[PDB]
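# pasting the first chains of the complex, positions unchanged:
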Amino acid sequence: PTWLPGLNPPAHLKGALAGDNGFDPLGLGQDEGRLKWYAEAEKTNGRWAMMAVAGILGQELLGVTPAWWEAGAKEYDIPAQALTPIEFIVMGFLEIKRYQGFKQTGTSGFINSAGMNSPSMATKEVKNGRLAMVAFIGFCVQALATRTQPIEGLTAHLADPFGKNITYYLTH
Amino acid sequence: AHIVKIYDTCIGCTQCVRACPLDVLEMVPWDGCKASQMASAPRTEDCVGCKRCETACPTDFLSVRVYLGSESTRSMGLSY
């Protein structure tokens, strides 16, 4: 459980919430009343990014007719600025019911029918979660230089591994 | 209620009491002087802080000393 076999900093090194990996070099894992909030915010930044990554590489094998930066504004059922108060109500309505009590994923509006996963399946969802967040920031940096498409950087790097890389685009 | 605190540099010449226009000061026995007396301020509730006491003390760096505190209806000198 070391990031490198040199050190193991926190007093939260033993205390876990089934998502421990042992790395805190800046000091944001030491206030004991707030790790009930750090671990949930790390979870929820992952869970809203898991559904993202499923709907980013999903339209790579699927439809190419949607673009990426225009995908936020196309001709929808409602107008894109008009469908926003549906988003302010419906997203928040499940969000508040998720917030209730914060009793370590209390099944109030996200009841799972079963499946609880008290062993390492909890840690694997964290490791899938801590890599889905790196996935989205991958999807919105290397695309975000207006160069690569929905997703064509991997298909380029399978073609040119030692060719097309980070220090080899250097254009528009 | 002004804060009047006097000090051991008093010689007991009681000129502060005679100068006080509000009977804040009185003379108490004390052995640290020839006149066997040192002032006292039992009536600082009635003091206005007009500092006629410490215009009258002879001692260098005045023995009586008035600190202007929080002002009630008697400290502001009010007939109304």
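Okay, I see it. Numbering: from 1, shown residues only, chains lettered A, B, ... in the order given.
# check contacts around residue B:66.
B:2, B:3, B:4, B:47, B:49, B:51, B:53, B:54 (C-beta atoms under 8 Å, 6 or more residues apart in numbering or on different chains). From N, CA and C alone the C-beta is placed, and that goes for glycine too.
# Neighbour-wise, which one of those leads?
residue B:53 (28 neighbours; other C-beta atoms under 10 Å in any protein chain shown).
# All the helices of the chain, in order from the start?
No chain in the question, so chain A it is. Along chain A, counting by DSSP state H, helices occupy A:35-54, A:58-61, A:84-99, A:121-139, A:153-159.
# wait, I meant chain B there
B:15-19.
# those strands in it, which residues are they?
Ranges of strands in chain B, per DSSP state E, are B:3-4, B:26-29, B:37-40, B:66-67.
# quick one: buried residues of the second one?
Looking back up the chat, that one is strand B:26-29. Judged by neighbour count using 16 or more other C-beta atoms under 10 Å in any protein chain shown, the buried positions of strand B:26-29 are residue B:27.
# If you count contacts, what does that strand end up packed against?
strand B:37-40 (3 or more C-beta pairs under 8 Å, 6 or more residues apart in numbering or on different chains; DSSP states H and E).
# And the first one, by the same measure?
Here strand B:3-4 touches strand B:66-67, going by 3+ C-beta pairs under 8 Å, 6+ apart.
# Neighbouring strands - and their directions - for the strand it packs on?
strand B:3-4 (antiparallel) (DSSP bridges).
# so how far is the strand it pairs with off the chain centroid?
In terms of C-alpha atoms, centre = their mean, to the nearest Å, the centre of strand B:3-4 is found 8 Å from the chain centre.
# onto the same structure, chain C please:
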Amino acid sequence: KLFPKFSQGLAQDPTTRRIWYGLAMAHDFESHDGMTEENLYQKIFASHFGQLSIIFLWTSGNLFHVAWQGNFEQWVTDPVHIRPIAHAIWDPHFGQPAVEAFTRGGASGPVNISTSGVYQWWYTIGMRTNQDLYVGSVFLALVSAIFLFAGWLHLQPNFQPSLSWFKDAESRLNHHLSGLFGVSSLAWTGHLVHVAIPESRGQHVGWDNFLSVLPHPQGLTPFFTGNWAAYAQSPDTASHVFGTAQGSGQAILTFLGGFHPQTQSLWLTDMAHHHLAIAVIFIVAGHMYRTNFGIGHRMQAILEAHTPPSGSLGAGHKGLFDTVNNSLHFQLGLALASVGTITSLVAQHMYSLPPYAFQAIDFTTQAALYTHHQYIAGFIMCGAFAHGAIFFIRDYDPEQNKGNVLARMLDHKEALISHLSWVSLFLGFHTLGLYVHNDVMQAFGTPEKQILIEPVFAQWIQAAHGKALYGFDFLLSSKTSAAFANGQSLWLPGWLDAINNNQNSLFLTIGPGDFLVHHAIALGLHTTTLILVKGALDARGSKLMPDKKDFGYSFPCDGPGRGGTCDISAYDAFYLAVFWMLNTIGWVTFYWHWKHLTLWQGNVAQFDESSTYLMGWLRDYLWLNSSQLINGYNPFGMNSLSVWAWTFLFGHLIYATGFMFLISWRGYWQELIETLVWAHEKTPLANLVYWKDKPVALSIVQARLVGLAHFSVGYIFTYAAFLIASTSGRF
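Below, chain C sits with the chains from the block before:
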């Protein structure tokens, strides 16, 4: 009984000064009832959110009223002849001649010409349309609501900071230098290079197409390779037209110096390389201090270890750190000293080096922006000494400060004040004495007998900066020197063309009228510090009153005894300086305005003839330039200057009302109120009415403050009325 919730000693006060002191020591947090030091820092920290949320609501107000009631989209196209608009007028007290006399600038209804000059700042940072200004207003209105909610939440007991969070001077100064100064300036060069550089070249970079427009045609390739001169290849030419692409150029970080030819402003490209360069330095200087990672400098070992041998500076700076970290008035006094000098540095470097396009052509903007940040600098600088004088009473500890440089200040404190009192007395003798000598020689018809000392020591500096009007041929006026020859491709030919132009404010040519007035400024600087440093040093006591520290900072007196002690306190030693401050900043702004009026009219000899003697200050600057001001309304009619004509008499009225609280003192007035109490308590049918707070006269310290405020508001409104209307009246 309830209103001073902070001071229960004021809640037991049955008189009407309960209202006045509920207001004035409400932000004196160190003297509230039950205040602790953890409770001290939390109310200060939330109040700084309150100041920030006001500033951003204020600035979003400027963005709104310009976008709605202003003519920014009309002023973009013609930025010389079209006058700017601040905000439209709805005064239902107006008459019909006062509606049509204030309709100007091509607008519909009555308007105010904005002399604050936020158009020139916005036009050069890329604002072109009103739709770009509403977005900025709604943005800052959101950000102002963020800081309102932040100051609320950082008082809530879950989110109250610990006491050791505030005293971490390492981590703050490491974050504010690198993040708040470095990253912010790094991000501002991001606004310049991406947006504000190509907007002047006639290319709209909005939020829609900023991820499509390359700022440079071969962008990010010189930064990753190394040839950074590729960013300065084809700059804005000498025939560039600001706002269009006519002779545009493609460079993003040029290092030219001097001015743009059309706007006579600074180039946008070297303003980008400017804020990039100090961003690199502030980030590098933001990795100096030891916070949490084992590297860095400890402040507790840099002060104490710089003690010179042979007793030059006592015990050195030993022990200052616990008197800077624990004391707030020391930290506030340093900050007001620093900000108050780099507020003048803002003012001194924006008339000579105007940074925004078509500034130093709009003359009333230039007059307001200099005079504003000089009085703002004047008030902040005298508060540095004020909160420096509060430090010696409320926070100074001699046992903690045995023998350091701070106690040696109090040790030789009479040598400080007497040598200031010599410099102030020498300057006042020999500056006034020369003006009176010159005035008598004007009165006896013989101007040749004047004392006209040429400013050699400053003309030597201008010639060293490249002004060949005087012919010292020294360094940059010397064409065969070294410093001239080390920079002929680097930064000099823009700078040397910009000084030797006679019609900008870059190093104005000076004569003996400028000898006399800089010594008058030096008089006013040395005398204002004489009053203030005496107010700091003698805050703890004098021979007249050796226990001044026992009363506090702001007390009335110590009685009529010991000869009489009117104005003995360090507050009363601070307030006398505000008169000598407003005098001094009045002298720097008279001299700035009148040398610039004679520059902009063209009669540059009308200053140098008349500035050498004090009648020319009166009959050629105050008498002559107030011709169209006081004619703002007359029985013939009225014009656009009548709002500045009215304020000019309004300013004289507040000023003279200030003498009522300054010449008449309290005790004439307390007896007068005692007759009014009688005449109220004996009048039939008004005995139905009775007060709650007893009417007493304004206290001694209050009469200082109320009189100084009427002095200062009427001072400011008088000169600002004369400044705006004499400039814009003829311009």
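# and the contacts of residue B:66, now that chain C is part of it?
Contacts of residue B:66 (C-beta under 8 Å, 6+ apart): B:2, B:3, B:4, B:47, B:49, B:51, B:53, B:54, C:559.
# Report the contact partners of the nearest residue to the last one once chain neighbours are set aside.
Which is residue C:559. Distance criterion C-beta to C-beta, 6 or more residues apart in numbering or on different chains; nearest residue to residue C:559, sequence neighbours excluded, is residue B:51 at 3.3 Å. Applying C-beta under 8 Å, 6+ apart to residue B:51 gives the contacts B:66, C:558, C:559, C:560, C:561.
# Adding secondary structure, write these out as a markdown table.
Output for the contacts of residue B:51, formatted as a markdown table (DSSP: H, G, I helix; E, B strand; the rest coil):
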| residue | secondary structure |
| --- | --- |
| B:66 | strand |
| C:558 | coil |
| C:559 | coil |
| C:560 | coil |
| C:561 | coil |
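# Can you say which two of those residues are spatially most distant?
Farthest-apart pair in those is B:66 and C:560; separation 12.5 Å (C-beta to C-beta).
# still on that earlier bit, which one of the contacts of residue B:51 is nearest to residue C:24?
Lowest distance from residue C:24 to these (C-beta to C-beta) belongs to residue C:558, with 21.6 Å.
# what are the bridge partners for residue C:88, then?
Here residue C:88 sits in beta bridges with residue C:111, as judged by DSSP bridges.
# my read: it touches residue C:114, true?
No. With contact defined as C-beta atoms under 8 Å, residue C:88 does not reach residue C:114; the gap is 11.5 Å.
# Where do the strands of chain C begin and end?
Under DSSP E, chain C gives no strands.
# Please tell me how far the closest residue in space to residue C:104 that isn't next to it in sequence sits from residue C:602.
Nearest residue to residue C:104, sequence neighbours excluded (C-beta to C-beta, 6+ apart): residue C:640, at 6.0 Å. Going from residue C:640 to residue C:602 by C-beta to C-beta, to the nearest Å gives 24 Å.
# Chain D comes next; put it on the structure above:
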Amino acid sequence: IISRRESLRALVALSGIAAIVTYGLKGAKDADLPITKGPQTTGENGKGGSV
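Putting chain D onto the chains we already have gives this:
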């Protein structure tokens, strides 16, 4: 209508409502407020003298 304190506080405030929300549109008299008029002849000149 009103006899207590808080009833009078409502009626003064609502009478201040009923005047001001009308005063902006219907209550701006043709002779009283010359700002609530039409754009008359001229005025939109430069500040005079020079620039």
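# since we added chain D, can you redo the contacts of residue B:66?
Contacts of residue B:66 (C-beta under 8 Å, 6+ apart): B:2, B:3, B:4, B:47, B:49, B:51, B:53, B:54, C:559.
# tell me the two of these that are most distant?
B:3 and C:559 (14.5 Å).
# can you dump the C-alpha coordinates of stretch C:393-400 into PDB?
Extracted C-alpha coordinates of stretch C:393-400, given in PDB (Å, rounded to 0.1, in the frame of the first residue of the first chain):
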ATOM      1  CA  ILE C 393       0.300  51.900  22.400                       C
ATOM      2  CA  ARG C 394      -1.800  48.800  21.900                       C
ATOM      3  CA  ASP C 395       0.800  46.300  20.700                       C
ATOM      4  CA  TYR C 396       4.300  47.400  21.700                       C
ATOM      5  CA  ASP C 397       6.200  45.400  24.300                       C
ATOM      6  CA  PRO C 398       9.500  46.700  25.500                       C
ATOM      7  CA  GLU C 399      10.500  43.500  27.200                       C
ATOM      8  CA  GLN C 400       9.900  41.600  24.000                       C
END
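# which residues in the stretch 501-650 of chain C form helices?
Ranges of helices within the stretch 501-650 of chain C are C:512-537, C:548-551, C:570-601, C:604-610, C:614-617, C:623-625, C:627-630, C:642-660, based on DSSP state H, counting those that start in this stretch.
# Now distance to residue C:402 and mean neighbour count too, for those, in JSON lines please.
Converted to JSON lines, these look like this (distance: least, C-beta to C-beta, whole Å; neighbours: other C-beta atoms under 10 Å in any protein chain shown):
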{"stretch": "helix C:512-537", "distance to residue C:402": "18", "mean neighbour count": "22"}
{"stretch": "helix C:548-551", "distance to residue C:402": "18", "mean neighbour count": "18"}
{"stretch": "helix C:570-601", "distance to residue C:402": "23", "mean neighbour count": "21"}
{"stretch": "helix C:604-610", "distance to residue C:402": "55", "mean neighbour count": "17"}
{"stretch": "helix C:614-617", "distance to residue C:402": "51", "mean neighbour count": "18"}
{"stretch": "helix C:623-625", "distance to residue C:402": "58", "mean neighbour count": "15"}
{"stretch": "helix C:627-630", "distance to residue C:402": "59", "mean neighbour count": "16"}
{"stretch": "helix C:642-660", "distance to residue C:402": "45", "mean neighbour count": "17"}
